[PDB]
Every structure is written in C-alpha cells, then in structure tokens.
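The structure appears below as structure tokens.
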Amino acid sequence: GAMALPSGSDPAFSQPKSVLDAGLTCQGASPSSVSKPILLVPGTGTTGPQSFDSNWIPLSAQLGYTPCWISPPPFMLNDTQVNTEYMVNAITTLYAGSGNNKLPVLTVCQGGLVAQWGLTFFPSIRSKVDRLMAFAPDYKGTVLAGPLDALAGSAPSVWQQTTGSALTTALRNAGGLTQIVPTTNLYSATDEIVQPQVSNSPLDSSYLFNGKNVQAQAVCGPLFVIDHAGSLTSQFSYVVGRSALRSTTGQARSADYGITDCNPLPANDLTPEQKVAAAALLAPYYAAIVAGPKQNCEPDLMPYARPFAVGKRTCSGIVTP
C-alpha cells in the first residue's frame, strides 16, 4: 500500500528557538532532563494550565508521567502554524531530554489540529511522538465559526479553524487526515464548539483515517450528552485516555472501555476540588473574552503547506502552484 506525506528536512521556524522554549513548562522538572514526559497541547483561547490544571495535569501525574505543556501566546489565538512551532520544538526538546525516547502527546480542541499539523509538515518528529491522545480535535475546523465570508477582524486561529479554510484544506490534501503515529480521538456528537461531529464517520471533524476514533455516542448511546469540555474531563474520557496511554498498540483498546465507563462527570480520580473545577470548566469559551491578534484575511500558508491548498484565498490572494 501507500501513504504519502511531506518529506525532507524540517521547515524553518519563524520564531527563535529561545522564544519557543519559553512557551514550554514541565511540572517539577526541566525539559532538558525529564522522566516519562507527556506533552499537553491546549485549546483555542487558553494556556496549558487553563486547559489541563483541572484534569490531565494531575491525572497524567498519577499515571506516572511528568506533565509538560506549551502555552503559545496569546492564548492559542495566533496563527495555528506558529502555535505548531511551539509543539514541534517541545517534542524535539522533550524527546532529547528523556534520553531520545518517544513520548505521548495529549490534546484538546485546537491542540490536536496543532499536533497533526506538526506531524504532517515536520518530518523529524514523526519518530519522536509515541502516540497521540486527542480530545475533541478539530482537524476539519468547525462549522460553528464563520462562515468563510463573515470573519472580519477575528483572531488568526479562528479564521484557520473555520470549515473550508485554506489551513484545514492544506492539512487534508497533504495527507494529514490519516493518522501518522498511533492516535486515539475521543469526541462527542453533542460538542457545542466543534461540529460536525454527529456521523461517527470520516465526516466528523475529529476523525482520522486508521485512528482509534471514539465518538462517545457510538459507545454510550445517542442520548448520551457530553459537551466540549466534558469530552476532555469526563470519567469516560479518562478511561479511554488511560487505555490509549498504556496500550501496547499505542491506541485505546476496545477491551479496556465500554458501557460501564459511560459517565460524563469529571474523572473519578480527581480530587473534589479538581472535579468542581473540571465540571465548571469554561476554558473553551475564553476566546470570546481575551484580546487577540487582529486579522483581516486568512493567514497565508507557510511555503511547506501552500502547494496543498491551490484555489483557496488567503491574505496574499488565491493560492496557485
């Protein structure tokens, strides 16, 4: 068979490496020398801690990882391609800093689009990421943003996560809707931020070809409601994520989760303080309030991605070969 992806050396970063390092933090450790790191990549409108303090920072620590995260400024609202420089740099650093050992990446919302962008276009990290555990990823963007012609002034990453954007087009045409490392995608038909998610099929924004694609309603029934934040914080998500992180295959396993795990409330192993914070988690909507970059057209694609979106309109014009 065949699966094609970009090849060669990694494209150059627009940000200096010191600036990208400044966006990476590990709890209790230095990225230069870390035991069993996991890289956490946050959603639009949030920092690492705002997305994960109430959930996978303590949960991954109790599973024996050192939690590390990136907080691309300002609040993941800048150009998704620049947010991805933070992720690629972080994988490079943490892979070296754990002894040249592959490490897992765990994400929410835009974070997963960033992880898959980096894996598609930065070949050096494909052998450095052990597995990807993505919660409500928007690999096709979301139809609840926009539409394409109604985006004036919006932050850069909001233009880019609108359905039909040049960025989501380039990702798809370059082969990035197929999993590149073992990947598990946990998402919900009742996500109020990322749609469409209702088909349990490759139409869903969270779906990756050959991924372990887990729509909550496929397991727990069509009347099982779990919202965007709940997709990250629930006991169901914890059982699936724990299975993915420990699996000998790199993906969650059906033998490990099932209807006995269909609990949409905050993960059982969180403290009561943590469950309260998780159940109240409003981070997905932080981008409605925070000050972002001003952007009057969809950000241009970097040269490594531009050839995959011929005919789409960005700041410079309509992409050609």
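In the structure tokens, chains take the letters A, B, ... in the order shown, each chain's residues start at 1, and ligands count up from 1 in the order shown.
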Could you produce a table of the residues of stretch 258-312 of chain A lying within 8 Å of stretch 208-229 of chain A, with the nearest pair of atoms per residue and their separation in Å rounded to one decimal, using only C-alpha atoms, ordered by chain and increasing residue number, as JSON lines?
{"residue": "A:258", "atom": "CA", "partner": "A:219", "partner_atom": "CA", "distance": 6.6}
{"residue": "A:259", "atom": "CA", "partner": "A:220", "partner_atom": "CA", "distance": 5.9}
{"residue": "A:262", "atom": "CA", "partner": "A:220", "partner_atom": "CA", "distance": 5.8}
{"residue": "A:264", "atom": "CA", "partner": "A:226", "partner_atom": "CA", "distance": 5.9}
{"residue": "A:281", "atom": "CA", "partner": "A:229", "partner_atom": "CA", "distance": 6.5}
{"residue": "A:282", "atom": "CA", "partner": "A:229", "partner_atom": "CA", "distance": 7.5}
{"residue": "A:283", "atom": "CA", "partner": "A:229", "partner_atom": "CA", "distance": 7.8}
{"residue": "A:284", "atom": "CA", "partner": "A:229", "partner_atom": "CA", "distance": 6.8}
Can you check which parts of stretch 145-245 of chain A lie within 8 Å of stretch 68-86 of chain A? Per residue, the shortest pair of atoms and distance in Å to one decimal, counting only C-alpha atoms, sorted by chain and number, as a tab-separated table.
residue	atom	partner	partner_atom	distance
A:155	CA	A:77	CA	5.7
A:156	CA	A:79	CA	5.1
A:157	CA	A:79	CA	5.2
A:158	CA	A:77	CA	7.2
A:160	CA	A:80	CA	7.1
Take the selection from the previous step and output its residues with N, CA and C atoms, as a PDB file, in the first residue's frame.
ATOM      1  N   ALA A 155      -9.611  36.419  15.438  1.00  0.00           N
ATOM      2  CA  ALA A 155      -8.203  36.093  15.638  1.00  0.00           C
ATOM      3  C   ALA A 155      -7.703  35.176  14.523  1.00  0.00           C
ATOM      4  N   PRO A 156      -6.378  35.154  14.270  1.00  0.00           N
ATOM      5  CA  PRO A 156      -5.845  34.282  13.204  1.00  0.00           C
ATOM      6  C   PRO A 156      -6.305  32.842  13.279  1.00  0.00           C
ATOM      7  N   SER A 157      -6.179  32.187  14.452  1.00  0.00           N
ATOM      8  CA  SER A 157      -6.534  30.750  14.512  1.00  0.00           C
ATOM      9  C   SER A 157      -8.033  30.513  14.359  1.00  0.00           C
ATOM     10  N   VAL A 158      -8.862  31.523  14.592  1.00  0.00           N
ATOM     11  CA  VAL A 158     -10.285  31.386  14.338  1.00  0.00           C
ATOM     12  C   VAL A 158     -10.580  31.388  12.847  1.00  0.00           C
ATOM     13  N   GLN A 160      -8.536  30.214  10.792  1.00  0.00           N
ATOM     14  CA  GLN A 160      -7.970  28.968  10.263  1.00  0.00           C
ATOM     15  C   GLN A 160      -8.744  27.726  10.656  1.00  0.00           C
TER      16      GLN A 160
END
Need to verify the contact set: residue A:135, 6 Å, only C-alpha atoms, exclusion of same-chain residues closer than 6 positions in sequence. Can you return it as a PDB file with N, CA and C atoms, in the first residue's frame?
ATOM      1  N   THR A 107      -4.076  16.190  23.867  1.00  0.00           N
ATOM      2  CA  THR A 107      -4.520  17.490  23.371  1.00  0.00           C
ATOM      3  C   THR A 107      -6.021  17.679  23.554  1.00  0.00           C
ATOM      4  N   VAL A 108      -6.438  18.917  23.398  1.00  0.00           N
ATOM      5  CA  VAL A 108      -7.837  19.258  23.390  1.00  0.00           C
ATOM      6  C   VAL A 108      -8.054  20.335  22.332  1.00  0.00           C
ATOM      7  N   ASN A 185      -8.845   9.377  19.095  1.00  0.00           N
ATOM      8  CA  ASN A 185      -9.615  10.605  19.066  1.00  0.00           C
ATOM      9  C   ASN A 185     -10.912  10.346  19.823  1.00  0.00           C
ATOM     10  N   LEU A 186     -11.109  11.049  20.939  1.00  0.00           N
ATOM     11  CA  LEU A 186     -12.320  10.940  21.751  1.00  0.00           C
ATOM     12  C   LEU A 186     -13.121  12.233  21.553  1.00  0.00           C
ATOM     13  N   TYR A 187     -14.390  12.098  21.152  1.00  0.00           N
ATOM     14  CA  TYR A 187     -15.186  13.282  20.831  1.00  0.00           C
ATOM     15  C   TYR A 187     -16.675  12.956  20.976  1.00  0.00           C
ATOM     16  N   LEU A 232     -13.085  16.306  27.406  1.00  0.00           N
ATOM     17  CA  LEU A 232     -11.726  16.295  27.940  1.00  0.00           C
ATOM     18  C   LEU A 232     -11.703  15.767  29.364  1.00  0.00           C
TER      19      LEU A 232
END
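One distance worth recording is that between atom CA of residue A:7 and atom CA of residue A:123, which is 6.2 Å.
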Determine, for each residue of stretch 147-223 of chain A having at least one atom at most 6 Å from an atom of stretch 236-256 of chain A, the closest pair of atoms and their separation in Å to one decimal, counting only C-alpha atoms; order by chain and ascending number, as CSV.
residue,atom,partner,partner_atom,distance
A:182,CA,A:250,CA,5.1
A:183,CA,A:251,CA,5.7
A:184,CA,A:251,CA,5.5
All strand (DSSP E or B) positions in stretch 140-211 of chain A, as an MDAnalysis selection string: chainID A and resid 142 153 162 178 183:187 209
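Taking only C-alpha atoms into account, residue A:13 lies nearest to A:88 out of the set A:288, A:301, A:148, A:88.
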Selected residue of minimal separation from residue A:27 among A:321, A:11, A:111, A:58, counting only C-alpha atoms: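 The shortest atom-to-atom distance to residue A:27 comes from A:58.
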Could you pull the residues within 10 Å of residue A:87, counting only C-alpha atoms, minus those fewer than 6 positions along the same chain, as an mmCIF file with C-alpha atoms, in the first residue's frame?
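Contents of around-v4.cif, freshly written:
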data_model
loop_
_atom_site.group_PDB
_atom_site.id
_atom_site.type_symbol
_atom_site.label_atom_id
_atom_site.label_comp_id
_atom_site.auth_asym_id
_atom_site.auth_seq_id
_atom_site.Cartn_x
_atom_site.Cartn_y
_atom_site.Cartn_z
ATOM 1 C CA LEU A 20 9.636 28.602 21.600
ATOM 2 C CA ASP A 21 11.380 27.172 24.717
ATOM 3 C CA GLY A 23 6.378 28.521 25.932
ATOM 4 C CA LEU A 24 7.197 25.020 27.327
ATOM 5 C CA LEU A 39 3.193 16.831 26.196
ATOM 6 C CA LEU A 40 -0.163 18.574 26.703
ATOM 7 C CA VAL A 41 -1.348 20.965 23.966
ATOM 8 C CA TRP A 69 2.625 21.713 28.344
ATOM 9 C CA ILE A 70 3.020 24.528 25.870
ATOM 10 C CA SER A 71 1.174 27.836 26.180
ATOM 11 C CA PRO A 72 1.582 29.509 22.729
ATOM 12 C CA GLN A 81 1.213 27.336 12.091
ATOM 13 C CA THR A 93 13.342 19.104 23.412
ATOM 14 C CA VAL A 105 1.096 13.898 23.219
ATOM 15 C CA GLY A 111 -4.253 21.311 20.281
ATOM 16 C CA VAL A 114 -1.664 21.574 16.025
ATOM 17 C CA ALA A 115 -0.279 18.095 16.780
ATOM 18 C CA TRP A 117 -0.139 19.800 11.584
ATOM 19 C CA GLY A 118 3.272 19.292 13.165
ATOM 20 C CA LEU A 119 3.318 15.568 12.360
ATOM 21 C CA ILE A 125 9.072 14.473 14.988
#
Any chance you could tabulate, as a Markdown table, the residues of stretch 113-167 of chain A at most 12 Å from stretch 198-204 of chain A with each one's nearest atom pair and distance in Å to one decimal, using only C-alpha atoms, in chain and rising number order?
| residue | atom | partner | partner_atom | distance |
| --- | --- | --- | --- | --- |
| A:136 | CA | A:204 | CA | 10.2 |
| A:137 | CA | A:204 | CA | 9.9 |
| A:138 | CA | A:204 | CA | 8.7 |
| A:139 | CA | A:204 | CA | 8.9 |
| A:140 | CA | A:204 | CA | 7.9 |
| A:141 | CA | A:204 | CA | 9.9 |
| A:142 | CA | A:204 | CA | 9.8 |
| A:143 | CA | A:204 | CA | 11.1 |
| A:163 | CA | A:204 | CA | 11.5 |
Just-selected residues, N, CA and C atoms written as a short mmCIF file (atom, residue, chain, number, x, y, z; two decimals), in the first residue's frame:
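Written out: again.cif:
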data_model
loop_
_atom_site.label_atom_id
_atom_site.label_comp_id
_atom_site.auth_asym_id
_atom_site.auth_seq_id
_atom_site.Cartn_x
_atom_site.Cartn_y
_atom_site.Cartn_z
N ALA A 136 -11.68 15.94 21.48
CA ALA A 136 -12.38 16.91 20.64
C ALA A 136 -11.48 17.67 19.65
N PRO A 137 -10.60 16.97 18.92
CA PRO A 137 -9.77 17.67 17.93
C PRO A 137 -10.60 18.18 16.74
N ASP A 138 -10.21 19.34 16.20
CA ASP A 138 -10.93 19.89 15.05
C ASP A 138 -10.05 19.87 13.81
N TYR A 139 -9.76 18.65 13.33
CA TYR A 139 -8.89 18.54 12.16
C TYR A 139 -9.53 19.14 10.92
N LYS A 140 -10.87 19.19 10.85
CA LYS A 140 -11.57 19.88 9.76
C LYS A 140 -12.10 21.22 10.19
N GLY A 141 -11.61 21.74 11.31
CA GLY A 141 -12.19 23.01 11.75
C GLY A 141 -13.60 22.84 12.33
N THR A 142 -14.34 23.94 12.39
CA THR A 142 -15.70 23.84 12.90
C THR A 142 -16.61 24.73 12.09
N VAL A 143 -17.82 24.21 11.81
CA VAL A 143 -18.85 24.99 11.11
C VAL A 143 -19.55 25.99 12.00
N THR A 163 -14.51 25.89 9.00
CA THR A 163 -14.67 24.87 7.96
C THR A 163 -14.37 25.44 6.58
#
Among stretch 149-228 of chain A, which residues carry a DSSP assignment of alpha helix (DSSP H), reported as a PyMOL selection string? chain A and resi 156-160+166-173+216-220+228
Residues from last step as file, N, CA, C and O atoms, as a PDB file, in the first residue's frame:
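Dumped everything to again-v4.pdb:
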ATOM      1  N   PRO A 156      -6.378  35.154  14.270  1.00  0.00           N
ATOM      2  CA  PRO A 156      -5.845  34.282  13.204  1.00  0.00           C
ATOM      3  C   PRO A 156      -6.305  32.842  13.279  1.00  0.00           C
ATOM      4  O   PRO A 156      -6.718  32.292  12.249  1.00  0.00           O
ATOM      5  N   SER A 157      -6.179  32.187  14.452  1.00  0.00           N
ATOM      6  CA  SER A 157      -6.534  30.750  14.512  1.00  0.00           C
ATOM      7  C   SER A 157      -8.033  30.513  14.359  1.00  0.00           C
ATOM      8  O   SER A 157      -8.442  29.437  13.942  1.00  0.00           O
ATOM      9  N   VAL A 158      -8.862  31.523  14.592  1.00  0.00           N
ATOM     10  CA  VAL A 158     -10.285  31.386  14.338  1.00  0.00           C
ATOM     11  C   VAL A 158     -10.580  31.388  12.847  1.00  0.00           C
ATOM     12  O   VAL A 158     -11.378  30.580  12.376  1.00  0.00           O
ATOM     13  N   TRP A 159      -9.964  32.296  12.074  1.00  0.00           N
ATOM     14  CA  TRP A 159     -10.032  32.144  10.617  1.00  0.00           C
ATOM     15  C   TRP A 159      -9.648  30.734  10.214  1.00  0.00           C
ATOM     16  O   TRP A 159     -10.334  30.099   9.392  1.00  0.00           O
ATOM     17  N   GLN A 160      -8.536  30.214  10.792  1.00  0.00           N
ATOM     18  CA  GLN A 160      -7.970  28.968  10.263  1.00  0.00           C
ATOM     19  C   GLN A 160      -8.744  27.726  10.656  1.00  0.00           C
ATOM     20  O   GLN A 160      -8.671  26.722   9.924  1.00  0.00           O
ATOM     21  N   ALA A 166      -8.222  27.657   4.224  1.00  0.00           N
ATOM     22  CA  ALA A 166      -7.045  27.185   3.493  1.00  0.00           C
ATOM     23  C   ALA A 166      -6.230  26.249   4.359  1.00  0.00           C
ATOM     24  O   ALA A 166      -5.707  25.237   3.881  1.00  0.00           O
ATOM     25  N   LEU A 167      -6.137  26.553   5.645  1.00  0.00           N
ATOM     26  CA  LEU A 167      -5.335  25.694   6.518  1.00  0.00           C
ATOM     27  C   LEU A 167      -5.918  24.278   6.615  1.00  0.00           C
ATOM     28  O   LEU A 167      -5.191  23.280   6.478  1.00  0.00           O
ATOM     29  N   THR A 168      -7.218  24.146   6.906  1.00  0.00           N
ATOM     30  CA  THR A 168      -7.734  22.770   7.009  1.00  0.00           C
ATOM     31  C   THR A 168      -7.683  22.049   5.648  1.00  0.00           C
ATOM     32  O   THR A 168      -7.508  20.811   5.600  1.00  0.00           O
ATOM     33  N   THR A 169      -7.846  22.786   4.534  1.00  0.00           N
ATOM     34  CA  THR A 169      -7.676  22.194   3.195  1.00  0.00           C
ATOM     35  C   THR A 169      -6.258  21.636   2.997  1.00  0.00           C
ATOM     36  O   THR A 169      -6.077  20.516   2.458  1.00  0.00           O
ATOM     37  N   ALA A 170      -5.233  22.445   3.341  1.00  0.00           N
ATOM     38  CA  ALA A 170      -3.850  22.006   3.145  1.00  0.00           C
ATOM     39  C   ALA A 170      -3.565  20.793   4.004  1.00  0.00           C
ATOM     40  O   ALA A 170      -2.861  19.865   3.574  1.00  0.00           O
ATOM     41  N   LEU A 171      -4.058  20.793   5.213  1.00  0.00           N
ATOM     42  CA  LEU A 171      -3.820  19.633   6.061  1.00  0.00           C
ATOM     43  C   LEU A 171      -4.323  18.332   5.406  1.00  0.00           C
ATOM     44  O   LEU A 171      -3.654  17.363   5.363  1.00  0.00           O
ATOM     45  N   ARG A 172      -5.543  18.397   4.882  1.00  0.00           N
ATOM     46  CA  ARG A 172      -6.174  17.255   4.232  1.00  0.00           C
ATOM     47  C   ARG A 172      -5.456  16.812   2.960  1.00  0.00           C
ATOM     48  O   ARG A 172      -5.162  15.629   2.795  1.00  0.00           O
ATOM     49  N   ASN A 173      -5.173  17.753   2.064  1.00  0.00           N
ATOM     50  CA  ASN A 173      -4.510  17.403   0.822  1.00  0.00           C
ATOM     51  C   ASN A 173      -3.071  16.885   0.958  1.00  0.00           C
ATOM     52  O   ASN A 173      -2.585  16.194   0.116  1.00  0.00           O
ATOM     53  N   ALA A 216     -18.433   9.428  21.531  1.00  0.00           N
ATOM     54  CA  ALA A 216     -18.999   8.933  22.806  1.00  0.00           C
ATOM     55  C   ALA A 216     -20.341   8.238  22.599  1.00  0.00           C
ATOM     56  O   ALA A 216     -20.650   7.257  23.296  1.00  0.00           O
ATOM     57  N   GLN A 217     -21.148   8.726  21.655  1.00  0.00           N
ATOM     58  CA  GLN A 217     -22.499   8.206  21.475  1.00  0.00           C
ATOM     59  C   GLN A 217     -22.505   6.826  20.806  1.00  0.00           C
ATOM     60  O   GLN A 217     -23.475   6.041  20.994  1.00  0.00           O
ATOM     61  N   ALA A 218     -21.470   6.521  20.005  1.00  0.00           N
ATOM     62  CA  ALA A 218     -21.289   5.179  19.447  1.00  0.00           C
ATOM     63  C   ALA A 218     -21.125   4.146  20.550  1.00  0.00           C
ATOM     64  O   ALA A 218     -21.607   3.013  20.418  1.00  0.00           O
ATOM     65  N   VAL A 219     -20.519   4.528  21.664  1.00  0.00           N
ATOM     66  CA  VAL A 219     -20.369   3.581  22.768  1.00  0.00           C
ATOM     67  C   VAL A 219     -21.539   3.672  23.734  1.00  0.00           C
ATOM     68  O   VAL A 219     -22.027   2.654  24.240  1.00  0.00           O
ATOM     69  N   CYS A 220     -21.980   4.882  24.035  1.00  0.00           N
ATOM     70  CA  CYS A 220     -22.854   5.109  25.171  1.00  0.00           C
ATOM     71  C   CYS A 220     -24.281   5.428  24.776  1.00  0.00           C
ATOM     72  O   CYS A 220     -25.107   5.649  25.661  1.00  0.00           O
ATOM     73  N   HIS A 228     -18.277  19.897  25.002  1.00  0.00           N
ATOM     74  CA  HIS A 228     -16.891  20.031  24.575  1.00  0.00           C
ATOM     75  C   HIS A 228     -15.925  19.805  25.735  1.00  0.00           C
ATOM     76  O   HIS A 228     -15.032  18.955  25.656  1.00  0.00           O
TER      77      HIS A 228
END
Which one is closest to residue A:190: A:311, A:272, A:153, A:230? Count only C-alpha atoms. A:230
Go through A:267, A:29, A:145, A:319 one by one, measure the shortest atom-to-atom distance of each to residue A:307 using only C-alpha atoms, and give the residue with the smallest value. A:319
Show me, as a VMD selection string, the residues that have an atom within 10 Å of residue A:277 when counting only C-alpha atoms, minus same-chain residues fewer than 4 positions from it. chain A and resid 53 to 55 233 266 270 to 273 281 to 282
